[PDB]
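So this first bit is one chain, no partners, the form deposited in one PDB entry, shown in structure tokens.
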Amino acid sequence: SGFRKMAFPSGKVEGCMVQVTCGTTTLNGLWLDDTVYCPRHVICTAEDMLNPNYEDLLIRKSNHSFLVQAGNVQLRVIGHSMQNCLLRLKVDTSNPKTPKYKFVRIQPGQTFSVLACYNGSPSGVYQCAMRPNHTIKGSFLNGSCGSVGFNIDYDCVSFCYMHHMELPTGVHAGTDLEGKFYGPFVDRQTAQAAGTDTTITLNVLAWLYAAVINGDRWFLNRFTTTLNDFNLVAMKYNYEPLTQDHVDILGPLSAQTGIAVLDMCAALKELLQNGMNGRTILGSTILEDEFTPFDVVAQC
């Protein structure tokens, strides 16, 4: 019992974090095998960030420009390249702590653990979600660029995020481990705004099911809806439309409670057009959207 946002154990990741320095910029890098991954903007100064020519800046660098420290050990950079918005540094040592891993791109609404790091030193771990507008609501301070997001399957670490920057609304943007940003963001000082965000309907539905499991009942009704009519109302209120896969993901929860997915959609539909109006659901007067069906099931 108990609902808590849980992060995966971070030990396999902690073993891959290093500090990368170029000029006066220090940040975090990920040391896998004989490669170190970090945000390419470490090569920029303040004046460069305004409009950086990254090919040009990399051309003017040398192997010896890049300083990589793992704990007390200086690593020797023996090669450098750039893949999308990531720097890749070849070091003359293979990380003996390298776990089994893969690089995966994650989708909006999905969750992952973040090992916040400063000076190549892990500071803390927490769970968060990729928002529809391709940002995350993390907790990053200066020096945290390079911090990684990941999921764990068996002994295989799936890396899915590397932190690059904080937007002006206080949310966070980064890339997958191929260096491709999530969303339409770029590693430049240009005015950048995340698109207007939407609510992760799938997770709200999971939260509603959890609320029923825990005895909350007042939002249910006898009203009927089709998927299409539900999605039309959902989009009107800045909720994500429900997908086919989504309905099936909710199957277990519907069986467990005996409430059909579309009936729960009917309940949510009403909540959107009226409001909750000061009635609590699971103790809160706002709907939560960062708790997934996988979270509810595994903890119920």
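Residue numbers here begin at 1 and follow the sequence given.
Stretches compared: 23-31, 248-256. Higher mean C-alpha B-factor in the entry: 248-256. Of the two segments, 34-42 and 51-59, the one listed with the higher mean B-factor is 51-59 (C-alpha atoms only). Taking only the listed residues 79, 122, 146, 168, the entry reports the highest CA temperature factor at 168.
As recorded in the entry, 72 carries the highest CA temperature factor of 199, 72, 228, 127. Remark: residue 277 belongs to the highest third of its chain, ranked by C-alpha B-factor as recorded.
Remark: residue 163 belongs to the lowest third of its chain, ranked by C-alpha B-factor as recorded. Annotation for residue 300: CA B-factor lies in the highest third of the chain's modelled residues.
Residue 151 sits in the middle third of its chain by CA B factor, as recorded in the PDB entry. Annotation for residue 210: CA B-factor lies in the middle third of the chain's modelled residues.
Separately, the form solved in complex with a small molecule exists; it is not shown, and the next lines address it.
Among residues of the shown chain, residue 41 is one whose heavy atoms approach the small molecule to within 4.5 Å in the entry with it bound. With a 4.5 Å cutoff on heavy atoms, residue 48 counts as touching the small molecule in the entry with it bound. Although the partner is absent from this view, residue 176 stays clear of the small molecule in the entry with it bound, with no non-hydrogen atom inside 4.5 angstroms. Contact check for residue 188: a non-hydrogen atom falls within 4.5 Å of the small molecule in the entry with it bound.
Each of 54, 145 and 172 comes within 4.5 Å of the small molecule in the entry with it bound, counting any heavy atom. Taking 94, 110, 121, 192 one by one, only a single residue has any non-hydrogen atom within 4.5 Å of the small molecule in the entry with it bound, and it is 192.
Between the small molecule and the residues 219, 230, 101, 140, the one pair within 4.5 Å by heavy atoms in the entry with it bound involves 140. The stretch from 157-165, 101-109, 76-84, 204-212 that comes within 4.5 Å of the small molecule in the entry with it bound, counting heavy atoms only, is 157-165.
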